[PDB]
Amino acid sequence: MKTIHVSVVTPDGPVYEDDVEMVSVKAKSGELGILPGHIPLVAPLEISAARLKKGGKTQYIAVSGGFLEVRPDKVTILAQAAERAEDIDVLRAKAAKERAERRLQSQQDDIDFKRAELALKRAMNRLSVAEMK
């Protein structure tokens, strides 16, 4: 029953490390299921959930974009921000969601849109992942 060593790193350092059966992530190209033996690969990740499977139990992590690196003996997710499901502050993410929506409807604006949309997506992603704890 083979496993892959996975590490999730943010600019603050490692947030998660384990040996798991499968790592599923959303790359810019599509959903990827990384199993032991996967060829080496470096792919950009979208604001999405990473799903880490170990003996049927699945651990969810909100990844606010970053990069996936797959090597023979390791899988690394390098994320601009990452939170395990159980560590997401749901109130804060709801507040963030509503703030982005308010900006996006601003009209009276020096409001930046592209970044306001990304702010909304990071909040919705965190809320979706938190539902899984």
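For every residue, the number given is its place in the sequence shown, counted from 1.
Asks: Which is higher in the entry, the mean Cα B factor of 71-79 or that of 104-112?
Replies: Stretch with the greater average CA B-factor: 104-112.
Asks: Tell me which stretch, 1-9 or 122-130, has the higher mean Cα B-factor listed in the entry.
Replies: Averaging CA B-factors over each stretch, the winner is 1-9.
Asks: Please work out which residue in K57, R51, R99, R84 has the highest C-alpha B-factor recorded for this crystal structure.
Replies: So the option with the highest C-alpha B-factor is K57.
Asks: Given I88, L32, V63, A95, identify the residue with the highest C-alpha B factor in the PDB entry.
Replies: Of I88, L32, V63, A95, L32 has the highest C-alpha B-factor.
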